[PDB]
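Engineer: My questions all concern the structure below.
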Amino acid sequence: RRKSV
Amino acid sequence: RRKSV
Amino acid sequence: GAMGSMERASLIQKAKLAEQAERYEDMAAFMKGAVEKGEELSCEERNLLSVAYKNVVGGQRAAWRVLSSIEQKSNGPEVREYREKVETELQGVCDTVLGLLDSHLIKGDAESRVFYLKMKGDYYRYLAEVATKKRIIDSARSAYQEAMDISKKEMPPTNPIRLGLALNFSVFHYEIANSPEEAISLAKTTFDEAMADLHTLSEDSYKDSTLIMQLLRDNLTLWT
Amino acid sequence: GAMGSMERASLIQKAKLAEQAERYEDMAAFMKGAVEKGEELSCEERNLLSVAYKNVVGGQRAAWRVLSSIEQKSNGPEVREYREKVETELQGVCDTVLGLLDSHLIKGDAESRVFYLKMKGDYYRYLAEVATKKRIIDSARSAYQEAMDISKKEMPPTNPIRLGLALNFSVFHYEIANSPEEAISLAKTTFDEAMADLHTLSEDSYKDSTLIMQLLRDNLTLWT
Ligand SMILES: C=CC(C)(C)OC[C@H]1O[C@H](O[C@@H]2C3=C([C@H](C)CNC(C)=O)C[C@H](O)[C@]3(C)/C=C3/[C@@H](COC)CC[C@H]3[C@@H](C)[C@H]2O)[C@H](O)[C@@H](O)[C@@H]1O
Ligand SMILES: C=CC(C)(C)OC[C@H]1O[C@H](O[C@@H]2C3=C([C@H](C)CNC(C)=O)C[C@H](O)[C@]3(C)/C=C3/[C@@H](COC)CC[C@H]3[C@@H](C)[C@H]2O)[C@H](O)[C@@H](O)[C@@H]1O
Ligand SMILES: [Cl-]
Ligand SMILES: [Cl-]
Ligand code: NA
Ligand code: NA
Ligand code: NA
Ligand code: NA
């Protein structure tokens, strides 16, 4: 799953 | 830590 | 209650959905609603009920232990205030479960009676973990003891419910009743008698029983 | 609100306690109470606020995705009903955060303005994840875009807030705005310009910046 912060 | 179920 | 308008089958269905979503508070509310319908729970439905509240209180207990440790390290009122807040919430969930057991579920087949009596001991034990207490400990002991008597008479040594009851009753002895030797004896006798009864380990109970047997050996290794 | 009677310092203290206990709903309530005191948040206090609601909505989003997947697999009304229930709760938390930002926090130092504008884009983006929508997407784009303009003018390329803003704005482009090329370009330009600015990576921001740079490279590797 793509990353966010 | 000791086990319970 | 809030679940009074929903079909029993729909509550069970949404409890399984909530389990898949790891929404354990919802899961517990749905299963409480199902219990409130007045009919006895099936084997699978009892598992849903126990798993839901086990995870709810499990998170509260873990949080309580973090806060209590911080509180003891400090020997302002904020730490105590917040610990008491989590503690009150934890006690409320325990009271909710104990109320369901005593008002609806505990009355029948030995498998269900032992199941619910184990739960009663477990949630009195969680109350005892934070109590500062003798009444609570005595109530946990009674439930566990009655469950032990039934399971010894009615269930084989490898039955997962009988095994899990003994694991938790042993933990009760060790850290609640301050009886390490009783905890050790119970865990060892339980493990040994189950090892000599594997010939009757029934396909759909093998994984549960061997898992709990390893938990029994885990505790013996920790305590000896 | 419920936190009106508690000192600001005590709310901040209990938010840190709740963080250690992984009680993120409590943590968010405490930080909301602190925002309601009317004073601006310090750098550390902004982090507490963002972490609290990020974890609250993070769990709701993860649950929503599980239920939505089950719903799409099925192509009774229970699955839709429960998904809508989790969805409504998720939207309510997003609305609570957006209300705090617009009523209290967004007004100042570029570091705080960019921080809050990123949050505004993030929580409109979470609304867009479940919207079935153009207004919401436009509101997320505006916030992100204004934050991008400020950060480009006021902050170095390695600043973690500027980096995190670009990471999330890139994700917005990829899966919300259906602009994979824009998402890829933004992630690459951001990573490259930060790589050429490591000489100004300041001790107490090195770990945050390099972590986010790796998240940027993670997404580029996934998308290319
Ligand atoms: C209804 C569906 C779901 C997915 C929730 O069912 C959960 C698991 O319910 C069964 O098992 C039970 C059991 C556990 C096993 C140890 C898990 N097994 C493994 C390999 O991890 C841990 C649980 O807390 C539970 C319910 C509790 C009790 C405690 C309950 O005291 C009140 C006693 C021991 C144990 C028994 C009842 C096990 O029969 C099935 O047999 C397993 O397939 C299934 O995963
Ligand atoms: C108040 C105390 C606590 C323990 C909660 O502080 C958490 C962490 O807050 C700082 O960091 C921040 C940060 C993260 C870093 C990537 C974590 N770093 C590592 C090595 O994991 C993840 C967080 O969500 C947060 C707050 C969010 C934003 C997002 C916030 O958009 C609104 C943008 C990027 C990033 C910045 C602000 C980081 O500055 C400190 O510098 C770290 O020490 C500290 O752990
Ligand atoms: Cl409190
Ligand atoms: Cl529902
Ligand atoms: Na001895
Ligand atoms: Na040992
Ligand atoms: Na292209
Ligand atoms: Na690739």
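In the structure tokens, each chain is lettered A, B, ... as it comes, each chain's residues begin at 1, and ligands are numbered from 1 in order of appearance.
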Find the nearest atom pair between each residue of chain C and ligand 1 for residues within 9 Å, count only C-alpha atoms and all ligand atoms, give distances in Å to one decimal, sort rows by chain and ascending number, and present the table as CSV.
Structural biologist:
residue,atom,partner,partner_atom_place_in_ligand_line,distance
C:16,CA,ligand 1,2 (C),7.2
C:19,CA,ligand 1,5 (C),7.2
C:20,CA,ligand 1,4 (C),8.6
C:43,CA,ligand 1,1 (C),8.2
C:44,CA,ligand 1,1 (C),4.7
C:45,CA,ligand 1,1 (C),6.1
C:46,CA,ligand 1,1 (C),7.4
C:47,CA,ligand 1,26 (C),4.2
C:48,CA,ligand 1,1 (C),4.5
C:49,CA,ligand 1,5 (C),8.1
C:50,CA,ligand 1,32 (C),5.9
C:51,CA,ligand 1,24 (O),4.9
C:52,CA,ligand 1,5 (C),8.0
C:54,CA,ligand 1,24 (O),7.3
C:55,CA,ligand 1,24 (O),8.8
C:114,CA,ligand 1,32 (C),7.9
C:115,CA,ligand 1,32 (C),4.7
C:116,CA,ligand 1,32 (C),6.1
C:117,CA,ligand 1,32 (C),7.7
C:118,CA,ligand 1,32 (C),5.2
C:119,CA,ligand 1,32 (C),4.8
C:120,CA,ligand 1,32 (C),8.5
C:122,CA,ligand 1,32 (C),8.0
C:159,CA,ligand 1,39 (O),8.4
C:160,CA,ligand 1,34 (C),5.1
C:161,CA,ligand 1,33 (C),4.3
C:162,CA,ligand 1,33 (C),7.3
C:163,CA,ligand 1,34 (C),6.8
C:164,CA,ligand 1,34 (C),4.4
C:165,CA,ligand 1,33 (C),6.3
C:204,CA,ligand 1,41 (O),6.8
C:205,CA,ligand 1,41 (O),6.3
C:206,CA,ligand 1,20 (C),8.2
C:207,CA,ligand 1,20 (C),4.6
C:208,CA,ligand 1,18 (N),4.1
C:209,CA,ligand 1,16 (C),7.0
C:210,CA,ligand 1,20 (C),8.0
C:211,CA,ligand 1,20 (C),6.0
C:212,CA,ligand 1,16 (C),6.2
Engineer: At a cut-off of 9 Å around ligand 3, and using only C-alpha atoms and all ligand atoms, what residues come up? Please write them as a compact mmCIF listing (two decimals) with N, CA, C and O atoms, in the first residue's frame.
Structural biologist:
# COMPACT_ATOMS: atom_id res chain seq x y z
N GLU C 78 -2.65 14.51 37.51
CA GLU C 78 -3.10 14.12 36.18
C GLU C 78 -2.94 12.62 35.96
O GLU C 78 -3.85 11.96 35.43
N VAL C 79 -1.79 12.06 36.33
CA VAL C 79 -1.55 10.64 36.09
C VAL C 79 -2.60 9.78 36.79
O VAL C 79 -3.20 8.89 36.19
N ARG C 80 -2.82 10.04 38.08
CA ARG C 80 -3.85 9.31 38.82
C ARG C 80 -5.22 9.52 38.19
O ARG C 80 -6.00 8.57 38.04
N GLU C 81 -5.55 10.76 37.83
CA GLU C 81 -6.85 11.06 37.25
C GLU C 81 -7.08 10.24 35.98
O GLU C 81 -8.15 9.64 35.80
N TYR C 82 -6.10 10.21 35.09
CA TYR C 82 -6.30 9.51 33.82
C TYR C 82 -6.32 8.00 34.03
O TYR C 82 -7.11 7.29 33.40
N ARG C 83 -5.47 7.50 34.93
CA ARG C 83 -5.50 6.07 35.24
C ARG C 83 -6.85 5.66 35.80
O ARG C 83 -7.40 4.61 35.42
N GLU C 84 -7.41 6.46 36.71
CA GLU C 84 -8.74 6.19 37.25
C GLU C 84 -9.80 6.24 36.16
O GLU C 84 -10.79 5.49 36.22
N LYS C 85 -9.63 7.13 35.18
CA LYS C 85 -10.59 7.22 34.08
C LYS C 85 -10.59 5.94 33.24
O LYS C 85 -11.66 5.40 32.92
N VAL C 86 -9.41 5.47 32.84
CA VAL C 86 -9.32 4.22 32.10
C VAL C 86 -9.82 3.07 32.97
O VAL C 86 -10.50 2.16 32.49
N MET D 6 -10.86 21.50 32.58
CA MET D 6 -9.50 21.03 32.82
C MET D 6 -8.48 22.05 32.33
O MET D 6 -8.63 22.63 31.26
N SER D 10 -2.82 20.48 31.86
CA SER D 10 -3.23 19.13 32.22
C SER D 10 -3.73 18.36 31.01
O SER D 10 -3.50 17.15 30.89
N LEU D 11 -4.41 19.04 30.09
CA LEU D 11 -4.85 18.39 28.86
C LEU D 11 -3.65 17.95 28.03
O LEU D 11 -3.61 16.82 27.53
N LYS D 14 -2.08 14.87 29.72
CA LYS D 14 -2.84 13.65 29.53
C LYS D 14 -2.84 13.20 28.07
O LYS D 14 -3.02 12.00 27.81
N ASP D 26 -8.93 9.14 23.31
CA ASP D 26 -8.70 10.02 24.45
C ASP D 26 -7.70 11.11 24.09
O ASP D 26 -7.90 12.29 24.39
N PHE D 30 -8.37 15.12 24.34
CA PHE D 30 -7.57 16.01 25.16
C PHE D 30 -7.00 17.15 24.33
O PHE D 30 -7.03 18.32 24.75
Engineer: For residue 3 in chain B, work out the shell of residues within 8 Å, counting only C-alpha atoms and skipping chain neighbours fewer than 5 positions away, then give it as a list in words.
Structural biologist: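 The filter keeps residues 167, 171, 215, 216, 218 and 219 of chain C.
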Engineer: Just give me the gap between CA of residue 179 in chain C and CA of residue 87 in chain C in Å, one decimal is fine.
Structural biologist: 25.3 Å
Engineer: List all protein, DNA and RNA residues that have an atom no more than 7 Å from any atom of ligand 8, counting only C-alpha atoms and all ligand atoms, and report them as a list in words.
Structural biologist: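 Here is the list of contacting residues: residues 221, 222, 223 and 224 of chain D.
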Engineer: If you run DSSP over the backbone, which residues in range 41-156 of chain D end up alpha helix (DSSP H)? Put them as a ChimeraX atom specification.
Structural biologist: /D:43-73,78-100,110-130,134-154
Engineer: For ligand 2, which residue out of D:113, D:141, D:104, D:152 is the nearest one, using only C-alpha atoms and all ligand atoms?
Structural biologist: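 Checking each candidate against ligand 2, we get D:113 as the closest.
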Engineer: Which residues form the shell of 10 Å around ligand 5 when you count only C-alpha atoms and all ligand atoms, given as a list in words?
Structural biologist: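 Those within range of ligand 5 are residues 180, 181, 182, 184 and 185 of chain C.
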Engineer: Excluding range 186-194 of chain D and any residue of its chain fewer than 5 positions from it, enumerate the residues within 7 Å of it, using only C-alpha atoms, and give them as an MDAnalysis selection string.
Structural biologist: chainID D and resid 157:158 166:167 170 213 216 220
Engineer: Taking into account only C-alpha atoms, which residue in the set C:23, C:73, C:133, C:125 is nearest to chain B?
Structural biologist: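 Of the candidates, the smallest distance to chain B is held by C:125.
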Engineer: List the spatial neighbours of residue 124 in chain D as a VMD selection string - criterion: any atom at most 9 Å away, only C-alpha atoms, same-chain residues fewer than 4 positions off excluded.
Structural biologist: chain D and resid 94 to 95 98 119 to 120 128 to 129 136 to 141 143
Engineer: Could you take the residues named above and write them with N, CA and C atoms, as a short mmCIF file (atom, residue, chain, number, x, y, z; two decimals), in the first residue's frame?
Structural biologist:
data_model
loop_
_atom_site.label_atom_id
_atom_site.label_comp_id
_atom_site.auth_asym_id
_atom_site.auth_seq_id
_atom_site.Cartn_x
_atom_site.Cartn_y
_atom_site.Cartn_z
N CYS D 94 -13.54 13.49 10.67
CA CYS D 94 -12.96 14.42 9.71
C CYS D 94 -13.58 15.81 9.87
N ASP D 95 -14.90 15.87 10.05
CA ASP D 95 -15.56 17.16 10.22
C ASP D 95 -15.09 17.84 11.50
N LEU D 98 -11.57 19.23 10.71
CA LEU D 98 -11.68 20.37 9.80
C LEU D 98 -12.26 21.58 10.53
N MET D 119 -2.92 19.32 7.05
CA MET D 119 -3.98 18.60 7.75
C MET D 119 -5.32 18.80 7.06
N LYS D 120 -5.62 20.04 6.68
CA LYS D 120 -6.89 20.32 6.01
C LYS D 120 -7.02 19.51 4.72
N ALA D 128 -12.82 12.40 0.69
CA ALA D 128 -12.91 12.04 -0.72
C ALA D 128 -12.77 10.54 -0.93
N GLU D 129 -12.02 9.85 -0.06
CA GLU D 129 -11.85 8.41 -0.20
C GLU D 129 -13.18 7.67 -0.14
N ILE D 136 -15.53 18.14 -2.47
CA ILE D 136 -14.57 17.67 -1.48
C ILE D 136 -13.17 17.62 -2.07
N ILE D 137 -13.05 17.06 -3.28
CA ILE D 137 -11.74 16.95 -3.93
C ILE D 137 -11.16 18.33 -4.17
N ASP D 138 -12.00 19.28 -4.58
CA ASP D 138 -11.54 20.64 -4.82
C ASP D 138 -11.04 21.30 -3.54
N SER D 139 -11.73 21.05 -2.42
CA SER D 139 -11.30 21.61 -1.15
C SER D 139 -9.96 21.02 -0.71
N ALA D 140 -9.75 19.72 -0.94
CA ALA D 140 -8.46 19.12 -0.62
C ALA D 140 -7.36 19.72 -1.50
N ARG D 141 -7.64 19.90 -2.79
CA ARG D 141 -6.64 20.44 -3.70
C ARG D 141 -6.23 21.85 -3.29
N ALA D 143 -6.34 23.37 -0.32
CA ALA D 143 -5.51 23.37 0.88
C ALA D 143 -4.10 22.91 0.57
#
Engineer: Contacts from chain C to chain D, 6 Å maximum, only C-alpha atoms: show me the residue list as a short mmCIF file (atom, residue, chain, number, x, y, z; two decimals) with N, CA, C and O atoms, in the first residue's frame.
Structural biologist:
data_model
loop_
_atom_site.label_atom_id
_atom_site.label_comp_id
_atom_site.auth_asym_id
_atom_site.auth_seq_id
_atom_site.Cartn_x
_atom_site.Cartn_y
_atom_site.Cartn_z
N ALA C 21 -13.13 -6.51 10.44
CA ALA C 21 -12.66 -5.14 10.43
C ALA C 21 -11.90 -4.75 11.69
O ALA C 21 -11.45 -3.61 11.80
N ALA C 63 -3.64 -0.56 28.39
CA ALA C 63 -3.52 0.87 28.67
C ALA C 63 -3.42 1.12 30.17
O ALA C 63 -2.61 1.93 30.62
N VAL C 66 0.10 0.46 31.45
CA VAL C 66 1.03 1.53 31.11
C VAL C 66 0.88 2.69 32.08
O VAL C 66 1.87 3.22 32.61
#
Engineer: So what do you get for CA of residue 103 in chain C versus CA of residue 175 in chain C, distance-wise?
Structural biologist: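 These two atoms are separated by 29.0 Å.
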